[PDB]
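Trainee: Provided herewith is a single structure, encoded as structure tokens, for subsequent inquiry.
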Amino acid sequence: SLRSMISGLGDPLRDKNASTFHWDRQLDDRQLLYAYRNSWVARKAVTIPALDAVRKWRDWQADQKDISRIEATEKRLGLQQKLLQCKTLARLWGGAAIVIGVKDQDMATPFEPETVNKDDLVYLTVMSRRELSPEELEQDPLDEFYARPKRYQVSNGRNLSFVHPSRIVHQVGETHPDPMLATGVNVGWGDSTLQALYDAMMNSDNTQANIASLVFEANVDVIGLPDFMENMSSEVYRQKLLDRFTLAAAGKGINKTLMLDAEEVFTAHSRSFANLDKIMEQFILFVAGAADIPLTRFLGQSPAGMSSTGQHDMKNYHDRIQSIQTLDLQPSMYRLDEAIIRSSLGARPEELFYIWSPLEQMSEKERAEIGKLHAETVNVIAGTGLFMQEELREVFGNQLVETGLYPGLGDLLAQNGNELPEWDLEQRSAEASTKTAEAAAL
Amino acid sequence: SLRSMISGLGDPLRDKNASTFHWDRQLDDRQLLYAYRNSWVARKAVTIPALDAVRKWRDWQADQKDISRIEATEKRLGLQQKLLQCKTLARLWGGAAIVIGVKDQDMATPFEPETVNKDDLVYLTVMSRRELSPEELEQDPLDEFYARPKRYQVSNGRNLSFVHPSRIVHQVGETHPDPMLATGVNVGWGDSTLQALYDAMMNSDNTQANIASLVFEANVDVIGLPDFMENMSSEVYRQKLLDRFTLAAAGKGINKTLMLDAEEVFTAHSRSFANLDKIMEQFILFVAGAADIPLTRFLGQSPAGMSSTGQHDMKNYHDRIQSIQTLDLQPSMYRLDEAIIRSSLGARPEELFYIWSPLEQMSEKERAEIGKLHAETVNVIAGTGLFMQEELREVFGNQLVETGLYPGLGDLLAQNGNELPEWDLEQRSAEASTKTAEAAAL
Amino acid sequence: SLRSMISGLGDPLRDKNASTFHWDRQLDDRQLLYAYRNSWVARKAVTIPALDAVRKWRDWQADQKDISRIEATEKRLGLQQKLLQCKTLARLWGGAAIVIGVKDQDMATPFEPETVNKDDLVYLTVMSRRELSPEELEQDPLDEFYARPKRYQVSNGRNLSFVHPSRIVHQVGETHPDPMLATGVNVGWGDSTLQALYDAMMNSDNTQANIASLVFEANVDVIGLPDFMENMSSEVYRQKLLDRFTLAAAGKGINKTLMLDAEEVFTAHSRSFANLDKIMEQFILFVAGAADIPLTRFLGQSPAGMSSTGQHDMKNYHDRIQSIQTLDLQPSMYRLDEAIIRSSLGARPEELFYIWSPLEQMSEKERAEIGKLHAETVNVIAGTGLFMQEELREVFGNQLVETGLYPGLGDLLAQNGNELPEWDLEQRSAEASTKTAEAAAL
């Protein structure tokens, strides 16, 4: 910091630039509901960066007619919607959690739903931190889920139901830096995301309601009567005055002219609206920066965006979503996603995985131009002898279904699976001339 | 420095330009928590330059079905998330540390977890400088980890647990220049990154709360009564006045006209908002420069970016992240990354390494155009005789999986490994005509 | 210089333009620590032009399986980080030095670690000028390291340890012009780089703290009471006044109107913020020019850069770094870099060297287009008979690994080294028809 001996440039008593500033903590438990429900600024910062992470998602890899019924268990349970509805409650409140139910599982055991090799999966109920209880910490620096609550008092009505954390997907809004020293309602949970952007939000919403108040007082005018103290001294006298000024100040304007006495004044006070529109747009920058959403997605496609050059428009926004898909949704679904591939009739392979779907929407003419190039990498790879032509039917057959170009492509077990008559029992002509190569040459 | 004998241009008593300036050190222990939690400026400067360094990461090299289970030990331990959660605490506080646990390892020995050739690795717990203790320095100028604490008092509750630094990954925020003369809480640790950008942050956040205060006082107006000293002299008299001015100054504006006496004044004082919006944007430059993040990532995609030309948008920002991946995360993981490749059933090769993944997101049409060119370098290289066609199946097979173009490509041990019938037992026709070359020519 | 006889244009008594100016030397020993730690301007000018010189570095040349273990000795000692941590301390302070330790080496001898042909290298400790001592000069104009200190008192605690300069890499910040006449703490060292840019730094940081002070006084207003000398004459009277003006001047603005007496004044004084934002940006030019960093790297990608045309953006900045890599890091590592290639089991070749890695980051699509052209220079060179096809397997095999296109390319000693069956024992058909050329023609 700077401090000058003359002119007081850094003195915390005289100068107040940054020399007299600090931060006090701020807390909120009820107005989180009021702000989310009654403000479009607060509802957009909660929903949309969590809604764009599960729009397109999770194309699997192996096909032994098994990519079809590994999705049938997802569509039955509604795992797409229940991960969206969980992440938003973790975004609004301090955190939320969805709890897994495998059939015939007892209590908060050391609870792995990984060994059960059946087709038994029924429960996916999702609850916020309102309906859970993080009522331990267990600071032992050797346990799995260290500094995490080990036991969840969760039920309504009938029983108590201690639940073990390995039965629970654990979702937080923002990770607290010192989780043992943390306080408030969210003890074993994270912190809300209306915490940091509360000051940026209330600066913008106050100046909207102030500048829209000045438009009513766009020009107020006064009329000064000489002895006005005495006309307004009874009821019968003052209604003789104010009934006539109603009919005389109703129709003034372009097509009527006022008549006044030479004493009466009639000045007009016009307010100023200079530069009050570049102020309104510099505050929604600081909200959109606080939510980490560009103004081509926040505030829709706004005309006041002049750095969206036509190749790198929103490439930073899809770099933020892929840091949620691989850092907040990928680790916490580890007791899932090996249990649901376990529910393919009990059998679980090892080289079975998934990737996340790409996020950029492509045009219909661009998807035709993409599919024209994928057919032409194959023509160059198959032209050189480096892979089996039995082999390329699987790989190019699999890449061309998840593109969505030829979606009705059922080739496994219907179209002789992966076998044609012409692979090995037609390449005799290459095996014939090598038998004639040196035998009929010398 | 300049100094003139007349006009006092460099005199530290008369001129105060830079002649009367110095720096005093500044310290902070509690408001690091308040600023990180309650300010979007401070939380963004901590998280995002440490979050973009572990988004995409570490594609390995050798495939003897071993790139699959060398990642299974990473996904089990959660090494992706626990390196992100470690670097942020080192970024906020003075430093942080994650400690390795190999099964059946005793104490703070001269502790190499490199010789143990088993499949034994369980513990990865990550703690800040709050929960460690750097309680030596050992200034001997010959030891490994010179000027580094040699012993860490770390446990909670039960025992004391001296821990050796070779069991610990050591992460700091900013490296202190003179580590022996250093003081404060962080003795053997680094310095926080809210240290340097504290002045740049508080300049911007003060001027946000001042300019949003002037919008309430956008135009205040006064009304001067002639004898106002005497109406406001009791309770019954002054409520006769202020109840009527409520109903008379509530509805003034476009559709109602005030009536005043000819003595009463009613002036209106309009404040000025000239150039107060180019000031607001020049202070977030100096924050984004202090955090070393461009305003196309800081403050999202901001419309006030006019030097992001369409080829070199953020090429400086990915040059900064690759200087973290190879200078702060690459050396400190040296007792890791040879222990985890040791946990491939005890056997560790020598020519096994990794590179860091590229950081630029590519479009879906651009990844089709990249894969169309990789197939065409092979067609030119295989067309000239310089490499084995047995050999190019491995190299082009390995480069085409980490691209993500043909991800379901299991060719090792399933597709006859690396062997086709047509490599050597089909090139007889080239070996036939050379037997007919000079034998049947003379 | 100019000087006019009338109008006094160059008179050092009357005119003060440049006629009354000189320079006094300036010194600083403690505030180098305060400015580096508490100012983002000073820390960026030290670290970044020294951090971008060791980001990518030193691809070696010969491969006889020896480029792999000539890097294993670098990665073991941490020579990448310890050259970065040395150059920054030389950049901040007057200079710094890293000292080499070869096993079983005694004292400050005439000390060449070049003759020792073993695998013995353990010590790399790096110390600033704080922990060394340049306590001779030896002005004899015939010696190696002329005007350089010949002996370094360096240890802590136990012993004295005279160390010879050929055991030491000598790094300075800025080379002093007259090193024998030099004074201060840095006698045998260089000068700091906060020396020259001290005036440019303090001009910018003062005007940041002044213009952010005016925003608090954006519009101050006064209220003049007629007899205010007499209300403020006791304690009970003045709190009757100031408690009512609190509740009357708290809520003034758009939705409340002040009521004053006709004597009371209420003027409002609005300050001026004209052109105070083009001043703020002309001072960070002169800092970035002083640090010799363009504003597309200093201050991140700033929107106020309008000479970064899309082909020659930062080509001057990489011309400055290559003048550090070949003029400050290349000569001083001469007792290294022949000792570390000596540590390849004692044997040192002669035609073994390195180049520095290129600095421009390339896109992923551009690295595909680069590799498509390198395959096509080979197709034209191998098509003409000017080089052995045995030979091009080494050269194009070596250039295609350091590009990073096909990184898993182990061809030496695994893929029959450099030999195929088809080089010489398949070109019989060219040697056959020349035997049939003139023999079977006449």
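Trainee: On a 0 to 90 degree scale, rounded to 10, what angle separates helix B:364-381 from the longest Cα axis of chain B?
Mentor: The angle comes out at about 30 degrees.
Trainee: At a Förster distance of 45 Å, what's the computed FRET efficiency of A:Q105 paired with B:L142, Cβ-Cβ distance as r, to 0.05?
Mentor: On the way: r = 59 Å, r/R0 = 1.31.
Plugging the Cβ-Cβ distance into 1/(1 + (r/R0)^6) gives 0.15.
Trainee: Along Cα-to-Cβ, 7 Å out, sits the label point; list in nm, shortest first, how far the one on C:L425 is from those in the other copies.
Mentor: 2.0, 3.9
Trainee: If you don't mind, another one. What percent do you get for the relative contact order of the range C:72-163 when only Cα pairs under 8 Å and 6+ apart count? Don't jump to the answer; show the numbers that get you there.
Mentor: On the way: 113 pairs, mean separation 22.0, N = 92.
Here the relative contact order equals 24 percent.
Trainee: Let me ask something additional. Karplus couplings for the range A:309-319 from phi (6.51 cos²θ - 1.76 cosθ + 1.60, θ = phi - 60°), rounded to Hz, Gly and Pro as x?
Mentor: Couplings: 6, x, 10, 10, 5, 10, 6, 7, 6, 7, 7 Hz.
Trainee: Under 1.5 on a/c is rounded, so check that first for the range B:222-263, then, if it is not, pick prolate when a/b is larger than b/c and oblate when it is not; a ≥ b ≥ c are the square roots of the alpha carbon gyration tensor eigenvalues.
Mentor: Values: a/c = 3.33, a/b = 1.64, b/c = 2.03.
Oblate.
Trainee: Could I ask something else about it? Relative to 2.2 N^0.38 Å, what does the C-alpha radius of gyration of the range A:300-442 come to as a ratio? Two decimals please. Let's see the in-between values first.
Mentor: Working: Rg = 23.3 Å, N = 143, 2.2 N^0.38 = 14.5 Å.
For the range A:300-442, the normalised Cα radius of gyration comes out at 1.61.
Trainee: Same structure again: Assuming 0.692 mPa s and 37 °C, estimate D for chain B with Stokes-Einstein, Rh taken as the Kirkwood radius over Cα pairs, in µm²/s. Provide the component values of the computation, followed by the final result.
Mentor: Values: Rh = 29.6 Å.
Value of D from the Cα-based Kirkwood radius: 111 µm²/s.
Trainee: Roughly how many debye, to the nearest 20, is the charge dipole of the range B:59-158 about its Cα centre, given +1 on each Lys and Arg Cβ, -1 on each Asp and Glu Cβ, and no other charges? Don't skip to the answer; put the middle values down first.
Mentor: Details: 15 positive and 18 negative charges, 134 e Å.
That gives the range B:59-158 a dipole magnitude of about 640 debye.
Trainee: Would you calculate the convex hull of the Cα atoms in the range A:23-68 and tell me its volume per residue in Å³?
Mentor: Details: hull volume 7.5 nm³, N = 46.
Dividing the Cα hull volume of the range A:23-68 by its residues yields 162 Å³.
Trainee: What is the sum of charges around A:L9, taking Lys and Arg as +1, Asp and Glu as -1, for the other residues whose C-beta is under 14 Å from the C-beta of A:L9?
Mentor: Numbers: positive: A:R3, A:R14, A:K16, B:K16; negative: A:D11, A:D15, B:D15, B:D24, B:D199, C:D205.
Around A:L9, the surrounding residues sum to -2.
Trainee: Grab the other residues whose beta carbon is less than 11 angstrom from that of B:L194, score K and R as +1, D and E as -1, and report the net.
Mentor: Its environment carries a net charge of -2.
Trainee: What full-extension length gain, to one decimal in nm, is calculated for A:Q301 and A:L258 as 0.36 nm per residue of separation minus the Cα-Cα distance? Walk me through the numbers on the way to the answer.
Mentor: Values: separation 43, 0.36 × 43 = 15.48 nm, distance 4.83 nm.
Working it through step by step, the gained length comes to 10.6 nm.
Trainee: Based on the alpha carbon coordinates of the range B:1-97, what radius of gyration and maximum Cα-Cα distance (Dmax) apply, in Å?
Mentor: 25.0, 82
Trainee: Out of residues 5 or more away from C:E135 or on other chains, whose amide H comes under 5 Å of its own, with H placed 1.01 Å from N in the peptide plane?
Mentor: Here C:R151, C:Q153 satisfy the definition.
Trainee: Toward the positive end of the charge dipole of the range A:325-429, about the Cα centre and with charges on Cβ (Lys, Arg +1; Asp, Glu -1), which of A:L345, A:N379, A:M362 goes farthest?
Mentor: Comparing the listed Cα positions along the dipole, A:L345 ranks first.
Trainee: State, to one decimal in nm, how far the label point of A:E419 lies from the label point of A:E369, with both points 7 Å from Cα in the Cβ direction.
Mentor: The answer from the label model is 4.3 nm.
Trainee: Based on a Kirkwood Rh over C-alpha pairs, give the Stokes-Einstein translational diffusion coefficient of the range B:306-384 at 10 °C and viscosity 1.306 mPa s in µm²/s. All intermediate terms of the calculation are to be shown ahead of the outcome.
Mentor: Working: Rh = 16.7 Å.
The estimated diffusion coefficient comes to 95 µm²/s.
Trainee: Taking the simple approach of a point 7 Å from Cα along Cα-to-Cβ for both A:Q427 and A:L84, what is their distance in nm?
Mentor: 4.8 nm
Trainee: In a GNM of chain A with a 10 Å cut-off on Cα contacts, which of A:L352, A:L295, A:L420 has the highest mean-square fluctuation?
Mentor: Of the options given, A:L420 has the highest mean-square fluctuation.
Trainee: Sorted by average packing, counted as other Cβ atoms within 10 angstrom per residue and highest first, what order do C:278-284, C:50-56, C:227-233, B:344-350 take? Before the final figure, lay out the partial values.
Mentor: Working: C:278-284: 15.4, C:50-56: 20.9, C:227-233: 10.3, B:344-350: 12.6.
Highest to lowest by the protection proxy: C:50-56, C:278-284, B:344-350, C:227-233.
Trainee: From the alpha carbon gyration tensor of the protein assembly as shown, can you work out the equivalent ellipsoid semi-axes (sqrt of 5 times each eigenvalue) and give them in Å, largest to smallest? Spell out each step's value before the answer.
Mentor: Values: eigenvalues 865, 395, 220 Å².
Over the Cα atoms of the protein assembly as shown, the semi-axes work out to 66, 44, 33 Å.
Trainee: Just to confirm a number: summing +1 for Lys and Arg and -1 for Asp and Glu over residues other than C:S19 whose beta-carbon lies under 15 angstrom from that of C:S19, what do you get? Walk me through the intermediate numbers first.
Mentor: Details: positive: B:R3, C:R3, C:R14, C:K16; negative: C:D11, C:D15.
Taking every other residue near C:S19 into account, the sum is +2.
Trainee: Here's another thing I want to ask about it. Quantify how strongly other chains surround peptide B:315-323 by giving the mean number of their Cβ atoms within 10 Å of each of its Cβ atoms. Let's see the in-between values first.
Mentor: Details: counts 8, 9, 3, 2, 9, 6, 0, 3, 7.
Going residue by residue through B:315-323 and averaging, the value is 5.
Trainee: Then there is this: Which entries in A:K372/C:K65; B:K75/C:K365; C:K315/C:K365; A:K256/B:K252; C:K103/C:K315; A:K278/B:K252 show an alpha-carbon gap greater than 32 Å?
Mentor: Values: A:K372/C:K65 43 Å; B:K75/C:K365 30 Å; C:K315/C:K365 21 Å; A:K256/B:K252 21 Å; C:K103/C:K315 44 Å; A:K278/B:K252 27 Å.
Pairs exceeding the cut-off: A:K372/C:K65; C:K103/C:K315.
Trainee: With +1 on each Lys and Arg Cβ and -1 on each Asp and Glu Cβ, how big is the dipole of chain B about its Cα centre, in debye rounded to the nearest 20? Write out the running numbers ahead of the final one.
Mentor: Values: 46 positive and 64 negative charges, 275 e Å.
I would put it at about 1320 debye.
Trainee: Enter the angle in degrees (range 0 to 90, nearest 10) between the Cα long axis of helix A:278-290 and the first principal axis of the Cα atoms of chain A, meaning the one along which they spread out most.
Mentor: The helix A:278-290 is inclined about 40 degrees to chain A.
Trainee: Can you give the helix-only mean residue ellipticity at 222 nm for chain B, where every DSSP H stretch with n ≥ 4 adds -39500 (n - 2.57) and the sum goes over all residues, rounded to the nearest 500 deg cm²/dmol? Working shown, then result.
Mentor: Numbers: 11 runs with 129 residues, N = 442.
Calculated from helices alone, the mean residue ellipticity at 222 nm is -9000 deg cm²/dmol.
Trainee: Continuing with the same structure: Using a 7 Å offset from Cα along the direction of the beta-carbon, what are the separations from B:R76 to the same position in each other copy, nm, ascending?
Mentor: 3.0, 3.0
Trainee: Determine the gain in length on full extension of the stretch C:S155-C:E376; use 0.36 nm per residue of separation and subtract their C-alpha separation, reporting nm with one decimal. Intermediate values should be presented prior to the final figure.
Mentor: Details: separation 221, 0.36 × 221 = 79.56 nm, distance 5.84 nm.
Once the chain is fully extended between C:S155 and C:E376, it gains 73.7 nm.
Trainee: For the protein assembly as shown, what is the percent of antiparallel DSSP beta bridges, rounded to the nearest 5? If you can, show how the numbers build up before the last one.
Mentor: On the way: 62 of 70 bridges.
Expressed as a percentage, antiparallel bridges in the protein assembly as shown total about 90.
Trainee: Quick one: 3J(HN,Hα) in Hz for the range A:44-51, Karplus 6.51/-1.76/1.60 with θ = phi - 60°, rounded, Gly and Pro as x.
Mentor: Listing the rounded values in order: 6, 6, 8, 7, 5, x, 9, 8 Hz.
Trainee: Which whole-angstrom value gives the distance between the alpha carbon centres of the range C:153-181 and the range C:255-299?
Mentor: Their Cα centres are 49 Å away from one another.
Trainee: What size of dipole, in debye to the nearest 20, comes out for the range C:90-239 about its Cα centre when the only charges are +1 on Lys and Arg C-beta atoms and -1 on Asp and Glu C-beta atoms? Please list the in-between numbers first.
Mentor: Details: 11 positive and 23 negative charges, 109 e Å.
The dipole of the range C:90-239 has a size of about 520 debye.
Trainee: While we're looking at this one, here's another question. Would you order A:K150, C:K75 from fewest to most other beta-carbon atoms within 10 Å of each residue's own beta-carbon?
Mentor: C:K75, A:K150
Trainee: Positive end of the dipole of chain C, charges at C-beta (+1 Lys, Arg; -1 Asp, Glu), about the Cα centre: which of C:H176, C:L27, C:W189 has its Cα farthest in that direction?
Mentor: Going by the Cα projections, it comes out as C:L27.
Trainee: Using the Karplus curve 6.51 cos²θ - 1.76 cosθ + 1.60 with θ = phi - 60°, what ³J(HN,Hα) values do you get for each residue of the range B:425-442, in whole Hz, with x for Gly and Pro?
Mentor: 8, 10, 7, 5, 5, 7, 7, 7, 6, 6, 6, 9, 6, 9, 5, 9, 10, 10
Trainee: With chain A rotated onto chain C, spot the residue of A whose Cβ lies nearest the axis and note the distance in whole Å.
Mentor: Residue and rounded Å distance to the axis: A:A274, 14.
Trainee: State, to one decimal in nm and shortest first, how far the label point of B:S155 sits from each corresponding label point in the other identical copies (label point: 7 angstrom along Cα-to-Cβ).
Mentor: 3.8, 3.8
Trainee: Going out from 0 in 10 Å bins, what whole percent of all Cα-Cα distances in the range C:89-214 drops into each bin?
Mentor: 11, 35, 27, 14, 8, 4, 1
Trainee: Under a plain spin-label model, where a point goes 7 Å from the Cα along Cα-to-Cβ, how far apart in nm are B:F162 and B:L352?
Mentor: 3.4 nm
Trainee: Would you pull out the residues with amide H under 5 Å of A:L225's amide H, same chain only if 5 or more places away, H placed 1.01 Å from N?
Mentor: Those qualifying (amide H under 5 Å, at least 5 residues apart or on another chain) are B:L260, B:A262.
Trainee: May I ask which residue of C:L77, C:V99, C:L89 lies farthest towards the positive end of the charge dipole of the range C:76-121, with charges of +1 (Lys, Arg) and -1 (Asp, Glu) on Cβ and the Cα centre as origin?
Mentor: Selected residue: C:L89.
Backbone-built Cβ (ideal geometry, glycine too); neighbour counts: all protein chains shown. No value in this document is a laboratory result; all are computed from the given coordinates.
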